[PDB]
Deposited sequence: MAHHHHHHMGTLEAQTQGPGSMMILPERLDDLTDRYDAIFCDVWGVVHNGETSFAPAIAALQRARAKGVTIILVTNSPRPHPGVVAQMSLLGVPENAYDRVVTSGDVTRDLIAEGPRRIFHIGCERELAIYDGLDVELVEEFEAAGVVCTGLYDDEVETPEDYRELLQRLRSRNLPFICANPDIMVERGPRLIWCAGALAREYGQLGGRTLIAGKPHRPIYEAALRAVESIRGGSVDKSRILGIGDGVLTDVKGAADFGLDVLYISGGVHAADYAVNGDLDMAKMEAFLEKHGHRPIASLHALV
């Protein structure tokens, strides 16, 4: 039975570690998790933080710093926003944005034009317009209109919900799930899908100076349908954080299925 991360790291050269619910909750950071990651890096383990945030990595880094995460706890951050930019560049350039103002950072440097709904040829969803007060039901009519126009829907964050301190907040994935249920086409690159894992692997291989075999990479997370499924499908061992909120595993009705959860190891919290 593993008591702490240190009981596993002799067998791995790198870690792909979840952020929300494991390192911080959007309002405070978790000192034991930070310390465990620091100790792993001190023993030569490369740490990639891999998160479904729709923001590009520099915004996630800045937010972590504001929450007290020291830069010596990780080597690099790879986000769903980072890899979603490749989908955005590939799709139609006249885009209807669904998400908040800060999430417009995902378009920086891309050859795209943000347009009104009636003008759009594609949709990019980073989140809800005001995720502190809105729910997926508020989007039913809009999603129906977009689906009837056969617009492709890029989802920049596969999570259904995320924690924000004590609250649960709806994410872009909830709107993507509703769009798919209407019969609409969705395009997704974050966990559990392969593109974010390939980006994390490119990051490790560049940092370590050569190929890193999958048997030498440990995935860590609290989402069964994101972190666990994603690592397993990419061929990585996984450490499941069993005491997490599992916010990404909540359903669009706000229910969590307690039978959700094969991880090589389980830890109540990253310590």
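Comparing the deposited sequence with the modelled residues shows gaps at 1-24, 286-294, with numbering starting at 1.
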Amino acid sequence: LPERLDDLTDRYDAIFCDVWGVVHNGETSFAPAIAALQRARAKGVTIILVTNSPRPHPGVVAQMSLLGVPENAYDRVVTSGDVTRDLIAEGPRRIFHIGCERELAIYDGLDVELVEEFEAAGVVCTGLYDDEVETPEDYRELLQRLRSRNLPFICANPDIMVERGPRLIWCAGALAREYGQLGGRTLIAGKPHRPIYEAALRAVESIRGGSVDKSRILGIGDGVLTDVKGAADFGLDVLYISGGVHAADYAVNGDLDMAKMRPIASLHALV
From here on, numbers count along this sequence of modelled residues.
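Higher mean CA B-factor, judged across 117-125 and 150-158 from the recorded values: 117-125. The question of which stretch, 162-170 or 132-140, has the higher mean Cα B factor is settled in favour of 132-140. Each of 59, 221, 210, 68 has a CA temperature factor in the record; the biggest one is found at 210.
Among the modelled residues of its chain, residue 81 has a C-alpha B-factor that falls in the lowest third according to the deposited record. Placement of the Cα temperature factor of residue 55 within the chain: lowest third of the modelled residues, per the deposited record.
Residue 93 sits in the highest third of its chain by CA B factor, as recorded in the PDB entry. When the modelled residues of the chain are ordered by C-alpha B-factor, residue 109 sits in the highest third. In this PDB entry, the Cα temperature factor of residue 38 sits in the middle third of its chain's modelled residues.
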